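*Asks:* The structure that follows is given in the form of structure tokens.
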There are 2 protein chains.
Amino acid sequence: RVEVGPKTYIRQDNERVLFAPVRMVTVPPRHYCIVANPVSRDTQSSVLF
Amino acid sequence: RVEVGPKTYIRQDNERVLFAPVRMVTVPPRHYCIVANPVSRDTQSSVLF
């Protein structure tokens, strides 16, 4: 699962952090991007775990 | 927390098992025992976590 934001959220020992904090994807105006295997979304288009 | 019964319940990695399965305390008829720092109990005298 994702962990995001200006938090110093320490990992639990049961958890494992695979990588250093990757930059959140930025999408410039008048630009586009495509991602395979997208997360599902509802009518609110909220992420659905 | 306790884990008891004829189960092959494997430990989770986050969990740690301090010791080998100690025998459940046996209390013979016409005998008695006393334990300091008893677990709390309700009106049902069920264990209260």
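By convention here, the chains of the structure tokens are called A, B, ... in the order presented, each chain's residues are numbered starting at 1, and ligands are numbered starting at 1 in the order presented.
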What are the residues of chain A that have an atom within 10 Å of an atom of chain B, counting only C-alpha atoms, as JSON, numbers by chain?

*Replies:* {"A": [12, 13, 14, 15]}

*Asks:* Output, as an mmCIF file with N, CA, C and O atoms, in the first residue's frame, the coordinates of chain A following least-squares superposition onto chain B across all in-order C-alpha pairs.

*Replies:*
data_model
loop_
_atom_site.group_PDB
_atom_site.id
_atom_site.type_symbol
_atom_site.label_atom_id
_atom_site.label_comp_id
_atom_site.auth_asym_id
_atom_site.auth_seq_id
_atom_site.Cartn_x
_atom_site.Cartn_y
_atom_site.Cartn_z
ATOM 1 N N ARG A 1 0.048 -11.658 23.920
ATOM 2 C CA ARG A 1 -1.221 -12.360 24.069
ATOM 3 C C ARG A 1 -1.013 -13.871 23.993
ATOM 4 O O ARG A 1 -0.037 -14.351 23.407
ATOM 5 N N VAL A 2 -1.931 -14.608 24.606
ATOM 6 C CA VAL A 2 -1.855 -16.062 24.672
ATOM 7 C C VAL A 2 -2.218 -16.727 23.345
ATOM 8 O O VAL A 2 -3.022 -16.207 22.570
ATOM 9 N N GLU A 3 -1.605 -17.878 23.086
ATOM 10 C CA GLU A 3 -2.009 -18.761 22.003
ATOM 11 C C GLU A 3 -2.054 -20.184 22.547
ATOM 12 O O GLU A 3 -1.046 -20.700 23.031
ATOM 13 N N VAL A 4 -3.221 -20.812 22.464
ATOM 14 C CA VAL A 4 -3.456 -22.073 23.155
ATOM 15 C C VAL A 4 -4.359 -22.997 22.333
ATOM 16 O O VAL A 4 -5.176 -22.532 21.539
ATOM 17 N N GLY A 5 -4.200 -24.305 22.522
ATOM 18 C CA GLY A 5 -5.017 -25.284 21.827
ATOM 19 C C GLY A 5 -4.226 -26.162 20.877
ATOM 20 O O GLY A 5 -3.079 -25.858 20.554
ATOM 21 N N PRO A 6 -4.844 -27.259 20.413
ATOM 22 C CA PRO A 6 -4.214 -28.219 19.498
ATOM 23 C C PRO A 6 -4.063 -27.680 18.082
ATOM 24 O O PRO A 6 -4.392 -28.371 17.118
ATOM 25 N N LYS A 7 -3.561 -26.457 17.963
ATOM 26 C CA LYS A 7 -3.383 -25.826 16.666
ATOM 27 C C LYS A 7 -1.910 -25.718 16.288
ATOM 28 O O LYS A 7 -1.046 -25.542 17.146
ATOM 29 N N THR A 8 -1.637 -25.829 14.993
ATOM 30 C CA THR A 8 -0.293 -25.650 14.464
ATOM 31 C C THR A 8 -0.090 -24.196 14.050
ATOM 32 O O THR A 8 0.590 -23.901 13.065
ATOM 33 N N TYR A 9 -0.671 -23.294 14.833
ATOM 34 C CA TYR A 9 -0.682 -21.870 14.522
ATOM 35 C C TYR A 9 0.724 -21.299 14.368
ATOM 36 O O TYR A 9 1.437 -21.094 15.350
ATOM 37 N N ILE A 10 1.114 -21.057 13.120
ATOM 38 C CA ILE A 10 2.410 -20.463 12.818
ATOM 39 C C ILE A 10 2.463 -19.007 13.264
ATOM 40 O O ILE A 10 1.472 -18.280 13.169
ATOM 41 N N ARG A 11 3.616 -18.585 13.769
ATOM 42 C CA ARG A 11 3.808 -17.192 14.150
ATOM 43 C C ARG A 11 3.935 -16.285 12.929
ATOM 44 O O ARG A 11 4.524 -16.667 11.917
ATOM 45 N N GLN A 12 3.378 -15.084 13.029
ATOM 46 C CA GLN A 12 3.654 -14.035 12.058
ATOM 47 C C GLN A 12 5.038 -13.455 12.328
ATOM 48 O O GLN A 12 5.514 -13.481 13.463
ATOM 49 N N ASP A 13 5.685 -12.945 11.284
ATOM 50 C CA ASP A 13 7.042 -12.423 11.414
ATOM 51 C C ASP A 13 7.106 -11.226 12.357
ATOM 52 O O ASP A 13 8.102 -11.032 13.054
ATOM 53 N N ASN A 14 6.042 -10.429 12.382
ATOM 54 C CA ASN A 14 5.969 -9.300 13.301
ATOM 55 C C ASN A 14 5.909 -9.768 14.749
ATOM 56 O O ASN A 14 6.425 -9.111 15.653
ATOM 57 N N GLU A 15 5.273 -10.915 14.956
ATOM 58 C CA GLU A 15 5.199 -11.536 16.270
ATOM 59 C C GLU A 15 6.484 -12.270 16.623
ATOM 60 O O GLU A 15 7.230 -12.693 15.740
ATOM 61 N N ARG A 16 6.740 -12.418 17.917
ATOM 62 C CA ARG A 16 7.864 -13.220 18.377
ATOM 63 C C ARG A 16 7.433 -14.161 19.497
ATOM 64 O O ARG A 16 6.799 -13.741 20.463
ATOM 65 N N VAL A 17 7.778 -15.436 19.353
ATOM 66 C CA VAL A 17 7.443 -16.444 20.351
ATOM 67 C C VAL A 17 8.589 -16.618 21.341
ATOM 68 O O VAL A 17 9.637 -17.171 21.003
ATOM 69 N N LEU A 18 8.382 -16.137 22.563
ATOM 70 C CA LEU A 18 9.438 -16.108 23.568
ATOM 71 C C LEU A 18 9.885 -17.490 24.038
ATOM 72 O O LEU A 18 11.027 -17.659 24.465
ATOM 73 N N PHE A 19 8.998 -18.477 23.964
ATOM 74 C CA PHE A 19 9.300 -19.778 24.554
ATOM 75 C C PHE A 19 8.526 -20.948 23.953
ATOM 76 O O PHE A 19 7.493 -20.769 23.309
ATOM 77 N N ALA A 20 9.045 -22.149 24.190
ATOM 78 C CA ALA A 20 8.400 -23.387 23.768
ATOM 79 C C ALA A 20 7.099 -23.595 24.541
ATOM 80 O O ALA A 20 7.005 -23.205 25.703
ATOM 81 N N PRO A 21 6.094 -24.212 23.896
ATOM 82 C CA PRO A 21 4.750 -24.388 24.462
ATOM 83 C C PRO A 21 4.734 -24.976 25.870
ATOM 84 O O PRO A 21 4.831 -26.191 26.041
ATOM 85 N N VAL A 22 4.612 -24.103 26.866
ATOM 86 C CA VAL A 22 4.507 -24.514 28.260
ATOM 87 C C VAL A 22 3.192 -25.252 28.504
ATOM 88 O O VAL A 22 2.159 -24.892 27.939
ATOM 89 N N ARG A 23 3.239 -26.286 29.341
ATOM 90 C CA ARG A 23 2.049 -27.048 29.697
ATOM 91 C C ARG A 23 1.034 -26.167 30.414
ATOM 92 O O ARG A 23 1.401 -25.368 31.275
ATOM 93 N N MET A 24 -0.237 -26.313 30.055
ATOM 94 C CA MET A 24 -1.308 -25.589 30.726
ATOM 95 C C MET A 24 -1.355 -26.021 32.182
ATOM 96 O O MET A 24 -1.195 -27.206 32.480
ATOM 97 N N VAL A 25 -1.562 -25.068 33.087
ATOM 98 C CA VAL A 25 -1.515 -25.370 34.513
ATOM 99 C C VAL A 25 -2.607 -26.361 34.884
ATOM 100 O O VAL A 25 -3.763 -26.199 34.500
ATOM 101 N N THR A 26 -2.233 -27.383 35.645
ATOM 102 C CA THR A 26 -3.184 -28.391 36.079
ATOM 103 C C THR A 26 -3.471 -28.231 37.564
ATOM 104 O O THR A 26 -2.555 -28.091 38.371
ATOM 105 N N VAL A 27 -4.749 -28.250 37.918
ATOM 106 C CA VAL A 27 -5.145 -28.148 39.313
ATOM 107 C C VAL A 27 -5.913 -29.388 39.774
ATOM 108 O O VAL A 27 -7.090 -29.566 39.461
ATOM 109 N N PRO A 28 -5.229 -30.262 40.519
ATOM 110 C CA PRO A 28 -5.775 -31.507 41.067
ATOM 111 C C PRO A 28 -6.907 -31.243 42.049
ATOM 112 O O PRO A 28 -6.918 -30.198 42.695
ATOM 113 N N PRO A 29 -7.875 -32.162 42.132
ATOM 114 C CA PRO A 29 -8.976 -32.019 43.088
ATOM 115 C C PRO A 29 -8.460 -31.988 44.524
ATOM 116 O O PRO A 29 -7.477 -32.664 44.828
ATOM 117 N N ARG A 30 -9.116 -31.201 45.374
ATOM 118 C CA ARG A 30 -8.672 -30.976 46.748
ATOM 119 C C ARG A 30 -7.259 -30.399 46.775
ATOM 120 O O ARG A 30 -6.418 -30.814 47.570
ATOM 121 N N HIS A 31 -7.017 -29.434 45.892
ATOM 122 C CA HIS A 31 -5.742 -28.728 45.823
ATOM 123 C C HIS A 31 -5.985 -27.273 45.446
ATOM 124 O O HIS A 31 -7.083 -26.912 45.026
ATOM 125 N N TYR A 32 -4.964 -26.436 45.600
ATOM 126 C CA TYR A 32 -5.125 -25.009 45.347
ATOM 127 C C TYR A 32 -3.842 -24.354 44.842
ATOM 128 O O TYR A 32 -2.753 -24.913 44.975
ATOM 129 N N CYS A 33 -3.987 -23.167 44.262
ATOM 130 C CA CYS A 33 -2.846 -22.404 43.763
ATOM 131 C C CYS A 33 -3.157 -20.912 43.757
ATOM 132 O O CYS A 33 -4.319 -20.511 43.690
ATOM 133 N N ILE A 34 -2.115 -20.091 43.825
ATOM 134 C CA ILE A 34 -2.286 -18.643 43.845
ATOM 135 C C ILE A 34 -1.367 -17.975 42.824
ATOM 136 O O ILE A 34 -0.187 -18.315 42.724
ATOM 137 N N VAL A 35 -1.912 -17.024 42.071
ATOM 138 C CA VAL A 35 -1.145 -16.321 41.048
ATOM 139 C C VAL A 35 -1.229 -14.804 41.204
ATOM 140 O O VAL A 35 -2.316 -14.224 41.184
ATOM 141 N N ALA A 36 -0.071 -14.170 41.360
ATOM 142 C CA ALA A 36 0.017 -12.718 41.459
ATOM 143 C C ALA A 36 -0.229 -12.061 40.104
ATOM 144 O O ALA A 36 0.023 -12.661 39.058
ATOM 145 N N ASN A 37 -0.712 -10.822 40.144
ATOM 146 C CA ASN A 37 -1.121 -10.078 38.951
ATOM 147 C C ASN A 37 -2.081 -10.853 38.049
ATOM 148 O O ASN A 37 -1.787 -11.075 36.873
ATOM 149 N N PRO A 38 -3.233 -11.264 38.598
ATOM 150 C CA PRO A 38 -4.254 -12.005 37.854
ATOM 151 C C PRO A 38 -4.869 -11.178 36.736
ATOM 152 O O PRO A 38 -4.965 -9.958 36.856
ATOM 153 N N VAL A 39 -5.270 -11.839 35.657
ATOM 154 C CA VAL A 39 -6.042 -11.175 34.618
ATOM 155 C C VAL A 39 -7.409 -10.755 35.149
ATOM 156 O O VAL A 39 -8.017 -11.459 35.958
ATOM 157 N N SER A 40 -7.879 -9.597 34.703
ATOM 158 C CA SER A 40 -9.177 -9.081 35.122
ATOM 159 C C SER A 40 -10.307 -9.916 34.534
ATOM 160 O O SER A 40 -10.160 -10.513 33.470
ATOM 161 N N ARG A 41 -11.437 -9.956 35.234
ATOM 162 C CA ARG A 41 -12.595 -10.712 34.773
ATOM 163 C C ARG A 41 -13.893 -9.942 34.994
ATOM 164 O O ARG A 41 -13.989 -9.108 35.894
ATOM 165 N N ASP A 42 -14.887 -10.231 34.162
ATOM 166 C CA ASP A 42 -16.185 -9.569 34.240
ATOM 167 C C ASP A 42 -17.175 -10.361 35.090
ATOM 168 O O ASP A 42 -16.784 -11.248 35.847
ATOM 169 N N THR A 43 -18.456 -10.027 34.962
ATOM 170 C CA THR A 43 -19.516 -10.751 35.654
ATOM 171 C C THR A 43 -19.608 -12.188 35.155
ATOM 172 O O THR A 43 -20.036 -13.085 35.878
ATOM 173 N N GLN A 44 -19.203 -12.389 33.905
ATOM 174 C CA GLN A 44 -19.148 -13.717 33.312
ATOM 175 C C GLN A 44 -17.866 -14.421 33.753
ATOM 176 O O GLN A 44 -17.681 -15.617 33.515
ATOM 177 N N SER A 45 -16.994 -13.658 34.410
ATOM 178 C CA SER A 45 -15.666 -14.110 34.818
ATOM 179 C C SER A 45 -14.835 -14.549 33.615
ATOM 180 O O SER A 45 -13.916 -15.359 33.740
ATOM 181 N N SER A 46 -15.172 -14.005 32.452
ATOM 182 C CA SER A 46 -14.366 -14.182 31.252
ATOM 183 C C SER A 46 -13.141 -13.280 31.325
ATOM 184 O O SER A 46 -13.182 -12.222 31.950
ATOM 185 N N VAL A 47 -12.054 -13.701 30.689
ATOM 186 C CA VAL A 47 -10.839 -12.898 30.661
ATOM 187 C C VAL A 47 -11.097 -11.594 29.911
ATOM 188 O O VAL A 47 -11.710 -11.597 28.844
ATOM 189 N N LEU A 48 -10.628 -10.482 30.470
ATOM 190 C CA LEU A 48 -10.853 -9.174 29.863
ATOM 191 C C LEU A 48 -9.554 -8.550 29.367
ATOM 192 O O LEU A 48 -8.770 -8.017 30.153
ATOM 193 N N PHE A 49 -9.333 -8.625 28.060
ATOM 194 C CA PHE A 49 -8.166 -8.009 27.445
ATOM 195 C C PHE A 49 -8.211 -6.489 27.569
ATOM 196 O O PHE A 49 -9.270 -5.877 27.442
#
